[PDB]
Amino acid sequence: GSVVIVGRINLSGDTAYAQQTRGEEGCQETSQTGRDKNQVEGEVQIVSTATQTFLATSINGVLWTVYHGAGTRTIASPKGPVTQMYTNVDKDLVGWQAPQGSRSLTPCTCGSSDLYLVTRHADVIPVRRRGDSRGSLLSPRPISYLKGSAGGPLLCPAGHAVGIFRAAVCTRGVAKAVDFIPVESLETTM
Ligand SMILES: CCc1nc2ccc(OC)cc2nc1O[C@@H]1C[C@@H](C(=O)N[C@]2(C(=O)NS(=O)(=O)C3CC3)C[C@H]2CC)N(C(=O)[C@@H](NC(=O)OC(C)(C)C)C(C)(C)C)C1
Ligand SMILES: [Zn+2]
């Protein structure tokens, strides 16, 4: 089936919170047909397949997510399934054209290393950048807390996109750091 948008992380106000826009039955139906007529809003979408759920983030007019979540699948849209515009298994990255109604993040040009990871539960987690594709959690969390947030963004203090969350760096079940696709690699892929 297609990947289906089932909610979003609302970042528009003073408070970050998840919203569900489609339940599991409707999601299952929409995945089979590839036809999704629901209104899309925001920069960070919660998405699902038949078997998994994760995030997808709009940057530069593309809705980006991880290959390990989406594989080569289409995404459901008001006019039927939409094929990926980008697929890179080596970077664990896919992208589709961004849905009408979505808002896109701007790629960061700040050169700053104080970042913020947004999870599928609308937790905003500070992250110190530690390399091109790594950042440390200021406060370590069990894996559980981050599971299902691949595809979500790392943002700079100004709200620009710095990367897409890919993997957790763990020791005995605790995530001390994160691995992400840097926005420059998105821009190159482009
Ligand atoms: C580089 C990662 C990767 N690349 C892939 C490329 C292609 C591919 O093709 C099949 C598979 C890949 N798998 C991948 O990793 C897989 C997928 C990915 C994962 O689960 N991603 C998350 C997460 O939340 N995932 S998620 O729950 O949302 C899942 C629904 C998407 C964000 C994590 C939250 C806990 N993985 C790790 O994070 C592992 N850690 C990892 O390998 O650490 C390294 C890279 C530092 C060694 C865990 C599970 C031990 C924590 C293993
Ligand atoms: Zn920035």
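Heads up, the Cβs are rebuilt from the backbone with ideal geometry, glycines too, and the neighbour counts pull from every protein chain shown. The values are calculated or read from the model by the stated rules, or taken from the named source; nothing here is a laboratory result.
Yes/no matrix, rows are residues, columns are (1) outside the structural domain of residue 129 (by CATH); (2) on the phi > 0 side of the Ramachandran plot; (3) of a type in the set (D, E, K, R); (4) near ligand 1 (Cβ under 10 Å from one of its atoms):
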residue: 140; (1), (2), (3), (4): no, no, no, no
residue: 144; (1), (2), (3), (4): no, no, no, yes
residue: 149; (1), (2), (3), (4): no, no, no, yes
residue: 162; (1), (2), (3), (4): no, no, no, no
residue: 165; (1), (2), (3), (4): no, no, no, yes
residue: 179; (1), (2), (3), (4): no, no, yes, yes
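Considering only residues that are of a type in the set (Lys, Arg) and within 16 Å of ligand 2 (Cβ to nearest atom), which ones fall in the stretch 96-153?
128, 129
Among the numbered conditions (1) within 12 Å of ligand 1 (Cβ to nearest atom); (2) charged (D, E, K, R); (3) closer than 24 Å to residue 3 by Cα, tell me where residue 134 comes up short.
For residue 134, the exception is condition (3).
I'd like to check something: does the stretch 160-179 contain any residue that is within 16 Å of ligand 2 (Cβ to nearest atom) and among the acidic types (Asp, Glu)?
There is no residue in the stretch 160-179 that is within 16 Å of ligand 2 (Cβ to nearest atom) and among the acidic types (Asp, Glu).
Could you tell me whether the stretch 53-65 includes any residue that is out of contact with any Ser or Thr (no Cβ under 9 Å at 6 or more places or on another chain) and in a loop (DSSP other than H, G, I, E, B)?
no
Out of the residues in the stretch 1-26 that are in contact with a strand residue (DSSP E or B) (Cβ under 7 Å, 6 or more places away or on another chain) and of a type in the set (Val, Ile, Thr), which is surrounded by the fewest Cβ atoms within 10 Å (Cβ to Cβ)?
21
Sort through 56, 70 and tell me the only one that's among the small types (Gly, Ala, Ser), closer than 30 Å to residue 130 by Cα and in contact with a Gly (Cβ under 6 Å, 6 or more places away or on another chain).
The unique qualifying residue is 56.
Picking from 112, 77, 144, 139, which residue would you name as being surrounded by 14 or more Cβ atoms within 10 Å (Cβ to Cβ) and polar (S, T, N, Q)?
77
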